[PDB]
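Coordinate inspection notes
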Amino acid sequence: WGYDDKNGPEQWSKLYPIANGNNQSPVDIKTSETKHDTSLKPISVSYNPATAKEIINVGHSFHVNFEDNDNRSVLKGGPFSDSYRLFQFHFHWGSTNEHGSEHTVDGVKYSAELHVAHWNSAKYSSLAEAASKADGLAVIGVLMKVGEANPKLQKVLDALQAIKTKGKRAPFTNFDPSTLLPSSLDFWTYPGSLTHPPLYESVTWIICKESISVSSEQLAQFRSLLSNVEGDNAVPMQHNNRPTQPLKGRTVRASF
Ligand code: AUC
Ligand SMILES: [Zn+2]
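As recorded in the PDB header, X-ray crystallography is the method behind this entry, and the stated resolution is 2.0 Å.

Pasting the structure below:
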């Protein structure tokens, strides 16, 4: 599996039949059809920077991992009744600076997208277990619009120099991912899935209404990592976004 012609999104079904499921992500959010739900509570994030652990190149992308052995960093509120433990944040981008998000809004594709993932620690024993359950994961997706440079990304960009090829990892500490969210946390939520294999339909999506910025040169930096192991010929991490999937009867609720 990858994002190329040969093993990209259009082929994934050949291997993960769930790819053609009824709860696949991302989806296009048609704002004229979302449903206002008055039961939705404000999302509340309480992250501890001491939980930041490492940054790693996984080939198709890079992940920032957190210690998830306790409830030091959690997500609460929104559609939830239990708290979700923060385990990772990562990005999605495309081959062009203009079109690279996963989710679309009124058929408009953004430049990139941030995913802040958490697992249901109230109901499950570990992410492994939680990852395939319907209520296992909660992911906040934040849409990024190409424009002004965002100084909040700097620590992440700097870290990149050290995880240039596949399989490299570097300590990454004292960092609060909440510094990356927009100022207002109004949102849309829908039942969905992982946006790449294994594609489990285990995610409760929290899409921020407000987007954050990023510049061309910042995106170019993501695009500069390599999918190859060190010493092999260079193959750039050109894009890692999946096309939107049919809603198939699902409802997108808005907290506003
Ligand atoms: N986005 C997001 Au995930 C785990 N496993
Ligand atoms: Zn993602």
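For the zinc ion (ligand 2), every protein donor is listed as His-90 (NE2), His-92 (NE2) and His-115 (ND1), and the spread of their distances is 1.9 to 2.0 Å. Spacing between the donor residues of the zinc ion (ligand 2) along their common chain follows H-x1-H-x22-H. Note on accessibility: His-90 and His-92 belong to one class, buried.

The next thing to look at is the UniProt feature "binding site: Zn(2+) 1" in the protein chain. Under the present numbering, the feature "binding site: Zn(2+) 1" in UniProt falls on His-90, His-92 and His-115. A compact arrangement is adopted by the annotated residues: their sequence extent is 26 residues, whereas the largest C-alpha distance between any two is 8.1 Å. You can see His-92 is positioned in strand β7 (residues 84-93). On the basis of relative accessibility, which here comes to 3%, the residue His-92 falls in the buried class.

So, on to the site of ligand 1. Around ligand 1 sit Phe-87, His-90, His-115, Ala-117, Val-139 and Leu-194, and those are all the residues in its vicinity. Mapped onto the shell around ligand 1, the elements with two or more residues apiece are β7 and β10 (112-120).

A few words now on the UniProt feature "active site" in the protein chain. UniProt annotation of "active site" refers to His-60 when read in the numbering used here. Within the secondary structure, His-60 is located in the loop between β4 (52-57) and β5 (62-66).

Moving on to the nonpolar core. One recurring pattern in soluble globular proteins: nonpolar side chains tend to sit buried together. Core analysis: the biggest nonpolar cluster contains 42 residues, and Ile-55, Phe-62, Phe-89, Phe-91, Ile-140 and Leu-160 have the highest contact counts within it. Filtering out sequence-adjacent residues up to four positions away, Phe-89 remains in contact with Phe-62, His-63, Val-64, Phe-66, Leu-114, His-115, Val-116, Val-156, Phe-175, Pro-177 and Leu-180. Counting residues in each nonpolar core, the second largest holds 21 residues, with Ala-117, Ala-130, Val-139 and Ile-207 among its members.

On to the environment of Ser-44. Position of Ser-44 relative to the elements: it lies in strand β3 (residues 41-46). Each C-alpha atom, one on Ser-44 and one on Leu-185, is 8.8 Å from the other, the two residues being 141 residues apart in sequence. If we skip the residues at most four places from it in the chain, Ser-44 touches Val-74, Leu-75 and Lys-76.

Attention shifts here to the pairing of β4. In terms of burial, β4 is a largely internal element, 5 of the 6 residues being buried. Looking at chain direction, β4 and β5 are connected through 5 bridges and run antiparallel. Looking across to β5, one finds that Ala-52 is bridged to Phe-66. Pairing analysis gives 3 bridges linking β4 to strand β12 (residues 169-171), with the strands arranged antiparallel. What sits directly across from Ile-55, in β12, is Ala-170.

One pass over the structure, following the stated rule, counts 15 aromatic pairs. Where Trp-1 meets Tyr-3, the ring centres are 5.6 Å apart and the plane angle is 70°; that geometry is what we call edge-to-face. When the ring of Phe-62 is compared with that of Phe-222, the centres are 5.7 Å apart and the planes differ by 55°; the resulting orientation is tilted. One end of the pair, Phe-62, is in strand β5; the other, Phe-222, is in helix α4 (residues 216-223), and 160 residues separate them in sequence. There is no split in this pair, since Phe-62 and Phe-222 are both buried.

With that settled, the discussion passes to unusual backbone geometry. A cis amide bond, omega 0°, links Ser-25 with the succeeding residue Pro-26. Within the secondary structure layout, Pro-26 lies in the loop between α1 (12-15) and β1 (28-29). Residue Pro-198 is bonded to the preceding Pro-197 through a cis peptide linkage, with omega at 0°. A positive phi is found at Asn-174, a non-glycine position, where the angle reads about 50°.

It is worth spelling out the side chain of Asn-65 at this point. Residue placement: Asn-65 occurs in strand β5. In terms of polar contacts, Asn-65 uses its side chain to reach the side chain of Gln-88, at 3.2 Å. In this structure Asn-65 touches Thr-51, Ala-52, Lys-53, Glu-54, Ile-56, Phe-87 and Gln-88, once residues within four positions along its chain are discounted.

The rules we used
Residues numbered from 1 in each chain as written, not as in the entry; some residues may be left out. Chains lettered and ligands numbered in written order. Heavy atoms only, no water. Donors = N, O, S within 2.8 Å, 3.2 Å for Na, K, Ca; no water. Buried < 20%, exposed > 50% of the residue type's maximum accessible area, 1.4 Å probe, protein only. UniProt positions renumbered as here; feature names shortened; annotations may be inferred. Helix = DSSP H or I, 4+ residues; strand = E, 2+ residues; numbered from the N terminus. Near = heavy atom within 4 Å. Core = buried A, V, L, I, M, F, W, Y, C linked by side-chain atoms within 4.5 Å. Contact = heavy atoms within 4.5 Å. Pairing = 2+ DSSP bridges. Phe/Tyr/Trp six-rings, centres within 6.5 Å; stacked < 30°, edge-to-face > 60°. Polar contact = N/O pair within 3.5 Å; in protein donor to acceptor, adjacent residues only side chain to side chain.

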